[PDB]
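> Right, I'll just put the structure down here and ask away after.
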Amino acid sequence: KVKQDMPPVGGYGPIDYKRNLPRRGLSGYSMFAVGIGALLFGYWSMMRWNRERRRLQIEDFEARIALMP
Amino acid sequence: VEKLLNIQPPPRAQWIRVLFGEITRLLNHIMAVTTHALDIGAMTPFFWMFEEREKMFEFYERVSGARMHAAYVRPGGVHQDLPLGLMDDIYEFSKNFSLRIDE
């Protein structure tokens, strides 16, 4: 008969050993640019809302002071 | 024993011996690294990689007929060559082990 030992048609195809750890492109300083940007949004909006809340504050004190007598 | 006994193993024995030599080296290295993590902190990598190690012992169990300590090595060459269809599994593990170690 023939022999049943293993090796097949040669090569088993290619195999990739070498190291790969790629792909993060979002990082220049521009990460700072987007974060600091987010701050620049927060202070804008929050500024507005605190102004509004002061307006309400004066209005409430007006309620009280009109009550006082 | 071979060296002192003036014998050479046949080539295929030497090749199998090399194969499982570097496989075993893959074992002891992956252990050393992972357990070095678990000791220090880092509960998880122990788990991720010792899964693959379990695949390795899945190889040994076919090869030598037992899990870990089974000899499968003698003087004058190894005995009980690979079961038919083993090198396929070896290939398949070796295929993506690269991906996982990079992980």
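If you're wondering about the labels, chains in the structure tokens are A, B, ... by order shown, residues count from 1 in each chain, ligands from 1 in order shown.
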Pick out the chain B residues within 8 Å of chain A. Count only C-alpha atoms. Give them as a list in words.
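Residues passing the distance filter: residues 84, 85, 87, 91, 95, 98 and 102 of chain B.
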> As a VMD selection string, please: all residues of range 15-60 of chain A that backbone DSSP puts in helix (DSSP H, G or I).
chain A and resid 30 to 60
> Could you write those residues out with N, CA and C atoms, as an mmCIF file, in the first residue's frame?

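Result saved to part02.cif:
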data_model
loop_
_atom_site.group_PDB
_atom_site.id
_atom_site.type_symbol
_atom_site.label_atom_id
_atom_site.label_comp_id
_atom_site.auth_asym_id
_atom_site.auth_seq_id
_atom_site.Cartn_x
_atom_site.Cartn_y
_atom_site.Cartn_z
ATOM 1 N N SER A 30 -5.148 67.904 17.832
ATOM 2 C CA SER A 30 -6.553 68.150 17.549
ATOM 3 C C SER A 30 -7.486 67.463 18.532
ATOM 4 N N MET A 31 -7.029 66.421 19.225
ATOM 5 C CA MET A 31 -7.826 65.906 20.327
ATOM 6 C C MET A 31 -8.079 67.003 21.350
ATOM 7 N N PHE A 32 -7.024 67.711 21.751
ATOM 8 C CA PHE A 32 -7.236 68.910 22.546
ATOM 9 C C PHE A 32 -8.230 69.829 21.869
ATOM 10 N N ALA A 33 -8.132 69.966 20.550
ATOM 11 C CA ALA A 33 -8.991 70.924 19.868
ATOM 12 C C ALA A 33 -10.459 70.569 20.044
ATOM 13 N N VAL A 34 -10.790 69.281 20.001
ATOM 14 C CA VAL A 34 -12.193 68.917 20.133
ATOM 15 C C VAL A 34 -12.633 68.971 21.593
ATOM 16 N N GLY A 35 -11.762 68.584 22.527
ATOM 17 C CA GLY A 35 -12.145 68.668 23.927
ATOM 18 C C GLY A 35 -12.329 70.095 24.403
ATOM 19 N N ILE A 36 -11.269 70.891 24.249
ATOM 20 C CA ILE A 36 -11.336 72.322 24.527
ATOM 21 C C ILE A 36 -12.520 72.944 23.809
ATOM 22 N N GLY A 37 -12.779 72.512 22.576
ATOM 23 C CA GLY A 37 -14.000 72.936 21.911
ATOM 24 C C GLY A 37 -15.233 72.655 22.745
ATOM 25 N N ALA A 38 -15.349 71.424 23.247
ATOM 26 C CA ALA A 38 -16.506 71.071 24.061
ATOM 27 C C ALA A 38 -16.634 71.990 25.266
ATOM 28 N N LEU A 39 -15.520 72.275 25.945
ATOM 29 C CA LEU A 39 -15.553 73.299 26.986
ATOM 30 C C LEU A 39 -16.155 74.591 26.451
ATOM 31 N N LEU A 40 -15.597 75.094 25.348
ATOM 32 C CA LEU A 40 -16.050 76.352 24.768
ATOM 33 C C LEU A 40 -17.549 76.347 24.496
ATOM 34 N N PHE A 41 -18.134 75.174 24.263
ATOM 35 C CA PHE A 41 -19.589 75.084 24.177
ATOM 36 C C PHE A 41 -20.226 75.180 25.555
ATOM 37 N N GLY A 42 -19.707 74.398 26.502
ATOM 38 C CA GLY A 42 -20.291 74.361 27.830
ATOM 39 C C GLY A 42 -20.385 75.730 28.468
ATOM 40 N N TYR A 43 -19.311 76.513 28.387
ATOM 41 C CA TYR A 43 -19.350 77.805 29.056
ATOM 42 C C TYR A 43 -20.350 78.735 28.389
ATOM 43 N N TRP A 44 -20.479 78.645 27.069
ATOM 44 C CA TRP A 44 -21.496 79.408 26.358
ATOM 45 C C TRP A 44 -22.885 79.101 26.902
ATOM 46 N N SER A 45 -23.326 77.852 26.734
ATOM 47 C CA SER A 45 -24.677 77.489 27.151
ATOM 48 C C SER A 45 -24.901 77.784 28.629
ATOM 49 N N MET A 46 -23.979 77.331 29.478
ATOM 50 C CA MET A 46 -24.146 77.517 30.913
ATOM 51 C C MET A 46 -24.224 78.993 31.266
ATOM 52 N N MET A 47 -23.414 79.820 30.605
ATOM 53 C CA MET A 47 -23.533 81.264 30.752
ATOM 54 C C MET A 47 -24.968 81.707 30.540
ATOM 55 N N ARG A 48 -25.541 81.328 29.399
ATOM 56 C CA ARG A 48 -26.923 81.704 29.123
ATOM 57 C C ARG A 48 -27.850 81.279 30.253
ATOM 58 N N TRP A 49 -27.759 80.015 30.662
ATOM 59 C CA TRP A 49 -28.729 79.509 31.625
ATOM 60 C C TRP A 49 -28.588 80.196 32.976
ATOM 61 N N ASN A 50 -27.364 80.543 33.376
ATOM 62 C CA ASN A 50 -27.210 81.275 34.627
ATOM 63 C C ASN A 50 -27.789 82.676 34.523
ATOM 64 N N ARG A 51 -27.601 83.348 33.384
ATOM 65 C CA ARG A 51 -28.272 84.633 33.207
ATOM 66 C C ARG A 51 -29.775 84.489 33.414
ATOM 67 N N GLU A 52 -30.386 83.523 32.723
ATOM 68 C CA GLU A 52 -31.821 83.301 32.878
ATOM 69 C C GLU A 52 -32.190 83.083 34.334
ATOM 70 N N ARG A 53 -31.417 82.256 35.030
ATOM 71 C CA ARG A 53 -31.742 81.975 36.419
ATOM 72 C C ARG A 53 -31.631 83.218 37.289
ATOM 73 N N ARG A 54 -30.710 84.131 36.974
ATOM 74 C CA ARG A 54 -30.688 85.409 37.680
ATOM 75 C C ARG A 54 -31.953 86.201 37.414
ATOM 76 N N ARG A 55 -32.361 86.281 36.151
ATOM 77 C CA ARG A 55 -33.621 86.934 35.822
ATOM 78 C C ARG A 55 -34.751 86.399 36.696
ATOM 79 N N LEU A 56 -34.855 85.074 36.790
ATOM 80 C CA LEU A 56 -35.856 84.476 37.666
ATOM 81 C C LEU A 56 -35.642 84.893 39.114
ATOM 82 N N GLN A 57 -34.383 84.976 39.545
ATOM 83 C CA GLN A 57 -34.090 85.379 40.914
ATOM 84 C C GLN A 57 -34.709 86.733 41.222
ATOM 85 N N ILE A 58 -34.378 87.743 40.410
ATOM 86 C CA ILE A 58 -34.958 89.067 40.604
ATOM 87 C C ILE A 58 -36.473 88.984 40.619
ATOM 88 N N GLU A 59 -37.054 88.198 39.714
ATOM 89 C CA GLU A 59 -38.509 88.126 39.677
ATOM 90 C C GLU A 59 -39.073 87.587 40.992
ATOM 91 N N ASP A 60 -38.405 86.595 41.585
ATOM 92 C CA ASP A 60 -38.890 86.009 42.833
ATOM 93 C C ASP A 60 -38.758 86.995 43.990
#
> Got a sec: who's within 7 Å of residue 77 in chain B, counting only C-alpha atoms, leaving out chain neighbours fewer than 5 positions off, as a PyMOL selection string?
chain B and resi 9-10+13
> Rounded to one decimal place, report the CA of residue 9 in chain A-CA of residue 11 in chain B distance in Å.
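Separating CA of residue 9 in chain A from CA of residue 11 in chain B is a distance of 19.4 Å.
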